Amino acid sequence: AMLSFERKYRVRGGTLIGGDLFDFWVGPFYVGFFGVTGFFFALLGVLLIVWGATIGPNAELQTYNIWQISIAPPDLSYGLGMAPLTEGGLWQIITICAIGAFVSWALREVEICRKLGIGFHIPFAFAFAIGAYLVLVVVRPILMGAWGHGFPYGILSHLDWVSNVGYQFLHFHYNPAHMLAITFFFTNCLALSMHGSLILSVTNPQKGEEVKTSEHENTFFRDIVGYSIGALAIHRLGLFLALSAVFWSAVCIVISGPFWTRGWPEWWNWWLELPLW
Amino acid sequence: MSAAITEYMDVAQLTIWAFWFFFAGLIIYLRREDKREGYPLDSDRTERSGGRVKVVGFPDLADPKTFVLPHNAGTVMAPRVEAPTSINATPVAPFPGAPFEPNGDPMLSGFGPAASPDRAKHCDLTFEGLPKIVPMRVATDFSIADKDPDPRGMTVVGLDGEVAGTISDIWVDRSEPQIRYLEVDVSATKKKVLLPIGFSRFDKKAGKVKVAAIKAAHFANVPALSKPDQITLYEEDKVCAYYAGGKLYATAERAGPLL
Amino acid sequence: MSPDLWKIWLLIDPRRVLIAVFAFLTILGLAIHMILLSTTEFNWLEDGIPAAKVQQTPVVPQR
Amino acid sequence: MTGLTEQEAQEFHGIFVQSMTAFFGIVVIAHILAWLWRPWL
Amino acid sequence: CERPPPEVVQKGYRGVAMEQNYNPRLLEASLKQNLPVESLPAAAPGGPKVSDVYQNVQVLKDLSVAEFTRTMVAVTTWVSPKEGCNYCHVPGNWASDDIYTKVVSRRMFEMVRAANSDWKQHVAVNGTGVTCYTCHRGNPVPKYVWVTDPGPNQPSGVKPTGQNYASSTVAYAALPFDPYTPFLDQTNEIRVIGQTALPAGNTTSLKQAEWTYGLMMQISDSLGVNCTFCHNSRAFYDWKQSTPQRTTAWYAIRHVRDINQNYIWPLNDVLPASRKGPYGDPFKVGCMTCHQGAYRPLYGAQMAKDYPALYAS
Amino acid sequence: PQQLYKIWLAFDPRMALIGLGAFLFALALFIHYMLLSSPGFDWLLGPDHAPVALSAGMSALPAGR
Amino acid sequence: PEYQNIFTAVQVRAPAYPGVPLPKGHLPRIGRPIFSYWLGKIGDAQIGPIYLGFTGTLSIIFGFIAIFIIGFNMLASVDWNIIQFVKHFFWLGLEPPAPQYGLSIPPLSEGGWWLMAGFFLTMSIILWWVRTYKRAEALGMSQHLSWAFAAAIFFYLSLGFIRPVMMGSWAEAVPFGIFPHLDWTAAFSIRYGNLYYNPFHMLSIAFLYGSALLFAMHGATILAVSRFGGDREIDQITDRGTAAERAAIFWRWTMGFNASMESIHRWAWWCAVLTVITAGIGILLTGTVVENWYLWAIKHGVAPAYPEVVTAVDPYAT
Amino acid sequence: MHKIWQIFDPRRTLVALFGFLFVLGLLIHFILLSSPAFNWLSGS
Ligand code: BCL
Ligand SMILES: CC[C@H]1c2cc3[nH]c4c(c3C)C(=O)[C@H](C(=O)OC)c4c3nc(cc4[nH]c(cc(n2)[C@@H]1C)c(C(C)=O)c4C)[C@@H](C)[C@@H]3CCC(=O)OC/C=C(\C)CCC[C@H](C)CCC[C@H](C)CCCC(C)C
Ligand SMILES: CC[C@H]1c2cc3[nH]c4c(c3C)C(=O)[C@H](C(=O)OC)c4c3nc(cc4[nH]c(cc(n2)[C@@H]1C)c(C(C)=O)c4C)[C@@H](C)[C@@H]3CCC(=O)OC/C=C(\C)CCC[C@H](C)CCC[C@H](C)CCCC(C)C
Ligand SMILES: CC(C)=CCC/C(C)=C/CC/C(C)=C\CC/C(C)=C\CC/C(C)=C/CC/C(C)=C\CC/C(C)=C/CC/C(C)=C/CC1=C(C)C(=O)c2ccccc2C1=O
Ligand SMILES: COC(C)(C)C/C=C/C(C)=C/C=C/C(C)=C/C=C/C(C)=C/C=C\C=C(C)\C=C\C=C(C)\C=C\C=C(C)\C=C\CC(C)(C)OC
Ligand code: HEC
Ligand SMILES: CCCCCCCCCCCCO[C@@H]1O[C@H](CO)[C@@H](O[C@H]2O[C@H](CO)[C@@H](O)[C@H](O)[C@H]2O)[C@H](O)[C@H]1O
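Identification of chain G as Photosynthetic reaction center M subunit from Allochromatium tepidum is taken from the PDB entry. This structure appears in the PDB under the title "STRUCTURE OF PHOTOSYNTHETIC LH1-RC SUPER-COMPLEX OF Allochromatium tepidum".

Within the PDB entry, the label attached to chain A reads Photosynthetic reaction center L subunit, and the organism entered is Allochromatium tepidum.

## Quick notes on the overall build of chain G
When helices and strands are counted, chain G shows ten helices and three strands. The N-to-C order of helical and strand elements in chain G reads β-α-α-β-α-α-β-α-α-α-α-α-α. Relative to the globule expectation of 20 Å for 318 residues, the C-alpha radius of gyration of chain G, 26 Å, shows a markedly less compact shape. Overall, chain G is about 80 × 55 × 40 Å in size when its C-alpha atoms are taken along their principal axes. Expressed as a percentage of the 318 residues in chain G, the buried residues total 58%. Here the contacts in chain G between residues at least 6 apart in sequence split such that 64% fall between residues at least 24 apart. The centroid of the 18 positive side-chain charges in chain G is displaced by 12 Å from the centroid of its 17 negative side-chain charges.

## Some details on the coordination of the magnesium atom of ligand 1
Around a metal, the ideal angle is 109.5 degrees if four donors adopt a tetrahedral arrangement and 90 or 180 degrees if six donors adopt an octahedral arrangement. One donor from the polypeptide reaches the magnesium atom of ligand 1: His178 of chain A (NE2), at 2.4 Å. As for its position among the elements, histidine 178 of chain A is in helix α5 (residues 176–203).

## What about the site of ligand 1?
Neighbouring residues of ligand 1: 18 residues in total, closest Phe102, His173, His178, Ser249 and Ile253 of chain A. Two or more chains meet at ligand 1, and those chains are chains A and G. Within the side chain of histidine 173 of chain A, an N or O atom sits 3.0 Å from an oxygen atom of ligand 1. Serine 249 of chain A places a main-chain nitrogen or oxygen 3.2 Å from an oxygen atom of ligand 1. For the shell around ligand 1, the secondary structure elements donating two or more residues are α3 (121–144), α4 (157–167), α5 and α7 (231–254) of chain A. In terms of residue class, the shell around ligand 1 is built from 15 nonpolar, three polar and no charged. Split by domain, the residues of the shell around ligand 1 number at least three in each of domain 1 (1–168) and domain 2 (169–268) of chain A.

## Quick word on the coordination of the iron atom of ligand 6
Residues and elements named next belong to chain E. Listed as protein donors to the iron atom of ligand 6 are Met108 (SD) and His136 (NE2); their distances from the metal cover 2.4 to 2.5 Å. Its six donor atoms give the iron atom of ligand 6 angles of 77 to 178° at the centre, a pattern that matches the octahedral case. One end of the pair, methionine 108, is in helix α3 (residues 100–118); the other, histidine 136, is in helix α5 (residues 133–136), with 28 residues separating them in the sequence. Of the residues examined, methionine 108 reaches a relative accessible area of 25% and is grouped as partly exposed.

## Digging into the site of ligand 2
Surveying the vicinity of ligand 2 reveals 20 residues, the closest of which are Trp105, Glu109 and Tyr153 of chain A together with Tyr209 and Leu213 of chain G. Neighbouring residues of ligand 2 are distributed over chains A and G. Here an oxygen atom of ligand 2 and a side-chain polar atom of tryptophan 105 of chain A are 2.9 Å apart. Between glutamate 109 of chain A and ligand 2, the recorded distance is 2.9 Å, taken from a side-chain N or O atom to an oxygen atom. Of all the elements in the fold, those that place two or more residues in the shell around ligand 2 are α1 (32–55), α2 (89–116) and α3 of chain A together with α6 (199–224) and α8 (242–255) of chain G. For the shell around ligand 2, the element with the most residues is α3 of chain A, which contributes five residues. In terms of residue class, the shell around ligand 2 is made up of 17 nonpolar, two polar and one charged.

## Some details on a positive patch on the surface
On the surface, a cluster of positive charge is made up of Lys205 of chain B, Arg15 and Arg16 of chain C together with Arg11 of chain H. Summarising the element assignment, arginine 11 of chain H is placed in helix α2 (residues 10–33).

## Some points on the side chain of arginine 246 of chain E
Residues and elements named next belong to chain E. Structurally, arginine 246 is set in helix α8 (residues 244–264). Here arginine 246 is buried and forms no salt bridge, its nearest opposite-charge partner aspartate 238 lying at an N-O distance of 7.0 Å. Filtering out sequence-adjacent residues up to four positions away, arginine 246 remains in contact with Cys230, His231, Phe236, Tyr237, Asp238 and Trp239.

## A few points about the pairing of strand β8 (residues 163–173) of chain B
Residue and element names in this part refer to chain B. The buried fraction of β8 amounts to eight of the eleven residues, a majority that puts the element mostly inside the structure. Bridge count between strand β5 (residues 133–135) and β8: three bridges; the pairing is antiparallel. Residue pairing for β8: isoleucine 133 is matched across the bridge by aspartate 173. Here strand β7 (residues 155–157) runs beside β8; their pairing, made up of three bridges, is antiparallel. What sits directly across from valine 156, in β8, is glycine 165. The antiparallel pairing of β7 with β8 creates a hairpin that spans five residues between the two strands, and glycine 161 there sits at a positive phi of about 65°. Where β8 and strand β9 (residues 179–186) come together, seven bridges link them in antiparallel fashion.

## Observations concerning the interface of chain G and chain B
Interface size is commonly expressed as the accessible surface area that is lost when the partners come together. If you look at the interface, chain G gives 53 residues, while chain B gives 70 residues. Along the contact surface separating chain G from chain B lie seven salt bridges. Where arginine 240 of chain G meets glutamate 37 of chain B, a salt bridge forms, and the shortest distance between an N and an O atom there is 2.6 Å. A total of six residues in the side of chain G that touches chain B trace back to one element, the largest contributor, which is helix α9 (residues 264–284) of chain G. Split by residue class, the side of chain G that touches chain B holds 28 nonpolar, ten polar and 15 charged. The sheet contact formed by strand β6 (residues 143–144) of chain B and strand β1 (residues 12–13) of chain G spans two bridges and is antiparallel. Bridge pairing links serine 143 of chain B to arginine 13 of chain G in β1 of chain G.

## A few points about the nonpolar core
Residues and elements named next belong to chain B. Counting 75 residues, the largest nonpolar core has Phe219 and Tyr243 as its most contacted members. Looking at this core, the element that brings in the most residues is helix α3 (residues 233–249), giving seven residues. Not counting chain neighbours up to four residues away, the residues in contact with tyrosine 243 comprise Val193, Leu194, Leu195, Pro196, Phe199, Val211, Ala213, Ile214, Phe219 and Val222.

## Focus on the environment of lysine 53 of chain C
With respect to the element layout, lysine 53 of chain C can be found in the segment after α1 (14–38). For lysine 53 of chain C and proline 14 of chain C, which are 39 residues apart along the polypeptide, the C-alpha to C-alpha distance reads 52 Å.

## Regarding the interface of chain A and chain G
With 91 residues of chain A at the interface, the matching set in chain G holds 97 residues. For the pair chain A and chain G, the summed buried surface comes to about 8,800 Å²; carbon and sulfur atoms form 68% of the total. Connecting chain A to chain G are three salt bridges. In this structure, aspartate 223 of chain A and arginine 29 of chain G form a salt bridge, with 3.0 Å as the shortest nitrogen-oxygen distance. Joining chain A to chain G, the criterion identifies 37 residue pairs in polar contact. Those elements giving two or more residues to the side of chain A that touches chain G turn out to be β2 (29–30), α2, α3, α4, α5, α6 (214–224), α7 and α8 (269–272) of chain A. If you tally residues by element for the side of chain A that touches chain G, the top one is α5 of chain A, at 18 residues. Class assignment of the residues belonging to the side of chain A that touches chain G gives a composition of 51 nonpolar, 26 polar and 14 charged.

## A closer look at the state of the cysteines
Residues and elements named next belong to chain E. The final tally for this structure, using the stated rule, is zero disulfides over all chains. Not part of a disulfide, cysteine 85 finds its nearest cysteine sulfur in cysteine 88, a span of 9.2 Å. The closest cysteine sulfur to the non-disulfide-bonded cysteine 287 is located on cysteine 290, 9.3 Å from its own sulfur.

## Brief notes about the domain arrangement of chain A
Residue and element names in this part refer to chain A. Domain boundaries assigned for chain A yield domain 1 (1–168) and domain 2 (169–268). Between domain 1 and domain 2, the C-alpha centre-to-centre distance is 28 Å. The partner domain 2 presents 14 residues to the 13 residues of domain 1 that form the contact. Across the domain 1/domain 2 interface, buried area totals approximately 1,200 Å², and carbon plus sulfur atoms make up 80% of it. For the pair domain 1 and domain 2, the number of links is zero salt bridges. Inspection of the region where domain 1 meets domain 2 yields four residue pairs in polar contact. Of all the elements, α3 adds the most residues to the side of domain 1 that touches domain 2, at nine residues.

## Observations concerning the packing of α2 of chain A against α3 of chain A
All names here are of chain A. Two elements in contact, α2 and α3, have axes separated by 10 Å at closest approach and are oriented at 170°. As far as their axial angle goes, α3 and α2 are roughly antiparallel. Of the residues in α3, those touching α2 at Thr95, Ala98, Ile99, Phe102, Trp105, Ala106, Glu109, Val110 and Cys113 are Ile122, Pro123, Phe126, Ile130, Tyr133, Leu134, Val137 and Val138.

What counts, and where the lines are drawn
- Residues numbered from 1 in each chain as written, not as in the entry; some residues may be left out.
- Chains lettered and ligands numbered in written order.
- Part of a larger assembly, values for the part shown.
- Heavy atoms only, no water.
- Helix = DSSP H or I, 4+ residues; strand = E, 2+ residues; numbered from the N terminus.
- Rg over C-alpha atoms; globule rule 2.2 N^0.38 Å.
- Buried < 20%, exposed > 50% of the residue type's maximum accessible area, 1.4 Å probe, protein only.
- Contact = heavy atoms within 4.5 Å.
- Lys, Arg positive; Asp, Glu negative; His and termini not counted.
- Charge placed at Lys NZ, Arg CZ, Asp CG, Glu CD.
- Donors = N, O, S within 2.8 Å, 3.2 Å for Na, K, Ca; no water.
- Near = heavy atom within 4 Å.
- Polar contact = N/O pair within 3.5 Å; in protein donor to acceptor, adjacent residues only side chain to side chain.
- Nonpolar A, V, L, I, M, F, W, Y, C, P; charged D, E, K, R; others polar.
- Domains from an automatic or database assignment.
- Tetrahedral: all angles 85-135°; square planar, octahedral: opposite > 155°, others 65-115°.
- Patch = residues over 30% accessible without salt bridge, like charges linked within 9 Å, V, L, I, M, F, W, Y side chains within 5 Å.
- Areas by Shrake-Rupley, 256 points an atom, 1.4 Å probe, with all protein chains shown as cover.
- Salt bridge = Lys/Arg side-chain N within 4 Å of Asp/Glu carboxyl O.
- Pairing = 2+ DSSP bridges.
- Core = buried A, V, L, I, M, F, W, Y, C linked by side-chain atoms within 4.5 Å.
- Buried area = accessible area lost by both parts, 1.4 Å probe.
- Disulfide = S-S within 2.5 Å.
- Axes fitted to C-alpha atoms, helices over the stretch in contact; angles between N-to-C directions.
- Parallel < 35°, antiparallel > 145°, perpendicular 65-115°, else oblique.

Structural data, given as structure tokens:
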């Protein structure tokens, strides 16, 4: 329900669509109009995933093992048209439901932060992950030419899809945007570990000692590496790294196939064929 | 000493089960740490039961943790008791989960986006015991960076682009050199009010400050300081909350909806 | 062009356009010379003209 | 809105029209030569 | 950089992503480089026999004179069109053998006739066949031969590694750049993956998987395909989940080993020194010598069926 | 429509011209790219586009299920 | 539009801050701090000073020797041609001894230099860990950072030292190079049957994605409430203001549960450390108790099954 | 007609147009170089 200091903040208004029709709370959650739409999109998507598991790929390979349940996209011979329900149209319906649910979630966040009077950084950051998913299942299939290029919905089968797509270019480590995205991911993990460690160390000092001040935080990292970035700038940098990783991963996957159809090492030939050497 | 314990079990399976047990323990620990602020919850279940059933969920709360503050400022318990308050609003509808209406004049109501708790009434201190946020009239060793506007004498305009005063002084932070506040000399009451940087946009071309939170006529109700050289944690929160309330209560079209 | 074209410099300062043009033509010339060096028709060093007078051992025909 | 006088717009418009006309004439001549070299339609 | 869309061929189950992608412009340019040659008209059947008008015929003993001269005319076009017939035959007569080209060609005839009769599980699935033009393409010396690569120069006291150097033989990766010698000439194990879930006496090192990877990069570059043309990448060892082309490749490796060990090496005495590598071995045959970047030589053009002198019987 | 000039009483023209120019340029780029992808309307291939014919039993693409 | 606090509009310059005084028996800090204007638009515009003790000097010496050996071998691999060194720089590497030596010492050109470089680099890393511990303890702070660094060092040593000794050969170790060590990463997966089916690999990937998600959420949250003074996290921890309350309430309304201003930094700490812990185990189980991860997953009913639409005849089974 | 520049600033539009024209020219030249039909360096 409510935290002991929450009742001051449950005010009316700030909705995008609906007004007073859906302006209420359900337990701890705020629903609104987009809450209703997103919840029922998610419910239908879940029920269709369960039915697709019930039907199975055949009558012999059907199983309720959670690692082995997979719902697959259509064939490449259907192009961008609509496939029969049992032959890959269920995947398309579930994809539409998932997109609807994600957009509803983002809009509900926008409503919540309008109500609380805070900035809009959080839905803005969520839009990057939504865009990466959309590149995975919408932009790349259209550029390639068929819905069959999307990945299957299964816990272990989409790993098989990733592996085979990676080996279609004979060596995926030599993709340059892939290297940039991996560098950003590793750097983000390092920065998060350091931020957590420093805050906990300052807040929980040695025994029989008082809480440390803001000067200690800067002095520590100036004495380790000779530079300190600050309290606000560490959060700036964390957001920047986490979003750059996703942006460059989307770039790396959208150029594989649509814009390059050979092995990835060969792409570096422009460097090796310069007249300098 | 081999890799097969039985006909079906092996080492790499026992290792994953041990990891799952450790992970369950870690999740319980983290959720218990999460519950040091705002619990036990305030719900209908407690008040119907006459203050008998306390809503904490699972897991329950931890034993109190002690923070000791520097310069003999005192001691604070991480899980503590706080006095229940009477809000300045009134429910829109009697069913549970209904919103509240900000009774009175919404800007001067202390409810909704214009709400804040009551923090300690003492100034934040440096490593030597000085006040932390002070105007540049006492932090004389500070200076404005080169090739920068120096926003003294800039006119401040309200939400509707109407001038509401001029900047008189800049409040900076001794421990970390950066600007935390602007001082506006309102030309409607002959008073001076503080303005957080997070609510002001620097138009460096024409030398202006844009305040999109409240209108020009609203600069006459900003909460004031006790002394003209330092600020306390209470007053800073009050000043920020007053401007935050304008993000919803400024105009008739800001309550929504679009359709 | 128009006789009154000289007013253009009342909008653009000489320094920031002189630097840009001088830093631009050099890059363009380098790029064109490299593009010509890349082709087999307009490479003046390896064209075989005039004659070779350089003897050109077992070879590796995989490369 | 832009803080320009009337003549500060008139002279700019006149010189802009003259320069753009000359620039377009150049590219028209270039495209005529290119078409006389190798048609692309 | 390239622009979409590509031409896609699906090979596996939907959602498994076993597909081939081609750039149509690159495909058209590659097609322009692999056209076949229109065959000669059929000979008049009958007349004098070969074994009664010629002396030093050894390989083509069971033909007719018209077919014999037609075959000679065709192989003049396939191998040495610029030089003509004096390239192989000493001027003055035709029965003399005092030149190395005639001996080499006599061995090459047997190699081709063996290829067209003994390895039909490789070169006769669709009846494409093998002719002299498959390798030479009108040149006396084929364009895609290999020798034992010495690699970049090293200091006198430094032991070479054979890797960590950019090379087109492994498609510009930092893998061992000479996979020909241990696999396509000698007979080393290509399999490195174990076939049990738990350890049982499989002590293959991690450095041998890189040699296998280099050979596979060379193979896929020679055929112009990717890995999923023959494999499912979640189990490279599993024949049950592979494609029918993997069996053809398995037989092709043995066919190339046979060609190198039994037809090319014994000729190392009579070939001139300009046909040998720095180690003293001649030019050898690989996957690139016939396919030249296509999944079939000449994309499967059938010109061997018109010449009955290229079959053992 | 008779009194359409009132539409400029609600929308600022200075932003409207920027938006219209940007949208029109984006639409033109998209349509040109779509034509460039299509196999019928591709002028970069040249007026004298002659694809390679297959003389014998040859196929440019391998077979697939 | 509204100020998003992504860049600093107006900067303020105060004199340099030497730092909190150190206790007796410490060397003075070296260097005089200077200010950078463009660096001040995103963070603090002050660089230096630094503290350099004895452990810090030893780390520098050991690490520079190791890096010099690596570079010298990369240069020798192209026969002292500096231009060819620049051309092939990303492809060059120094590589471990051959598999026919086991755990013995080969000649210099055949893996001795690799062993010496690895030893010196490991020594420098250990000394740097000791330096971080000492600097944490000199100011009266706790030792969370040294524990996280210890986890990273554990994964590094599993990757380079412990597993080769368990397998009994140096050829199982990773080379020193840009493209060479990516080749090693690919060959390791190929040799041991599709590392996607290693469950500790799955856990490690989950924790990496979780670290990215947690840092994005925390950064966006703190930037959203920074108009209330939310960036000063210590004050909010010791005296909860509107920033912490609004940050908690946003997430409680969004997903039903929330953390604290103090507690969230614990979620950050454990998520990153568990990324490398589960990594170090995942490769210690590979080749020692599991031979083929795909067959292991089939044995435990994890790998999915597909309809048989393409298949091949086995030439070893005729 | 001579009233656009009251709405649009001239100084920035000059540099914007100058940059846009050069970017477009470079793009068209690169595209033409990538087509074997219109390449003027190796086609002849
Ligand atoms: C053989 C295979 C190749 C390879 C082939 C590929 C292929 C193919 C891909 C990658 C992709 C990635 N690879 Mg790779 N990659 C390889 C080796 C690596 C190695 C390594 C150590 O070797 C690393 C670190 C990586 C790392 C990466 C990342 C850069 C990237 C994945 C992150 C991402 O896309 O976020 C994206 C994040 C999302 C999509 C999250 C979306 C979630 C949204 C918000 C939906 C909500 C979720 C859910 C419904 C909510 C409810 C759930 C519960 C009910 C609560 N690869 C090998 C060499 N790699 C992927 C990529 O770049 O994608 C853009 C990709 O497609
Ligand atoms: C872009 C930077 C990183 C990021 C940011 C980010 N994620 C976010 C947010 C932000 C800022 C939120 O505010 C939002 C949130 O609420 O967090 C608590 C969220 C969120 N990120 C989530 C997950 C998530 N983020 C990921 C990644 C990332 N998120 C990036 C690394 C991943 C990865 C890498 O895999 C996952 C799994 C959720 C916990 C949450 C959004 C919840 C949501 O959208 O709920 C609405 C939908 C449902 C409740 C049900 C959907 C119904 C569908 C039918 C489900 C199945 C769809 C699917 C296509 C089929 C199955 C797929 C198979 C692979 C199994
Ligand atoms: C929680 C797991 C994550 C993690 C954590 C982590 N890393 C850490 C720490 C922690 C907690 C530290 O405390 C420690 C540190 O100091 O952080 C600031 C560190 C660190 N993590 C580092 C790197 C690093 N971490 C990585 C990853 C990760 N670190 C994980 C994702 C990676 C990856 C993904 O590959 C790298 C590369 C270092 C920057 C630092 C530890 C540095 C160290 O120990 O160095 C010892 C050796 C030397 C200093 C040798 C120097 C010798 C000479 C100075 C060389 C002279 C030549 C010179 C290089 C020429 C070029 C010019 C120079 C001027 C640059
Ligand atoms: C038996 C039965 C009912 C079966 C049904 C099963 C079915 C069908 C389930 C499907 C239900 C579907 C499809 C939809 C329902 C959706 C509903 C109602 C609820 C789902 C909510 C949801 C998606 C929760 C996911 C949350 C998860 C898993 C991860 C979030 C990331 C994470 C680990 C967060 C933990 C740490 C937290 C709380 C961070 C937030 C947080 C941050 C980031 C701060 O910076 C901060 C700063 C200062 C103070 C506080 C905070 C703070 O709390
Ligand atoms: C101007 O610059 C000069 C020329 C001076 C120097 C320049 C050098 C350059 C350009 C260097 C470039 C280096 C690069 C690109 C390095 C890349 C390194 C990478 C990517 C490394 C990645 C992984 C390597 C790992 C994980 C190796 C780990 C090895 C370990 C942990 C081995 C430990 C071995 C031990 C402890 C062995 C002990 C055995 C004994 C003690 C007997 O050995 C003597
Ligand atoms: C079809 C029946 C023929 C004929 C008439 C010839 N060849 Fe080949 N050939 C191949 C290779 C790798 C070599 C060695 C490289 C070389 O020596 O140039 C040869 C060599 C010859 C020669 C000798 C040419 C010379 O250098 O003097 C001659 C005269 C010759 N061939 C004739 C490879 C192949 C093939 C690939 C497997 C095939 C098929 C053929 N050759 C077929 C023929
Ligand atoms: C984290 C929870 C862990 C719980 C279990 C703890 C005990 C773990 C013990 C296993 C450690 C690995 O133990 C190692 O296994 C391998 C593989 O079987 C054994 O190898 C041996 O048995 C295998 C299998 O029959 C045969 O190839 C041969 O007999 C021999 O090589 C080694 O002799 C043993 O040293």
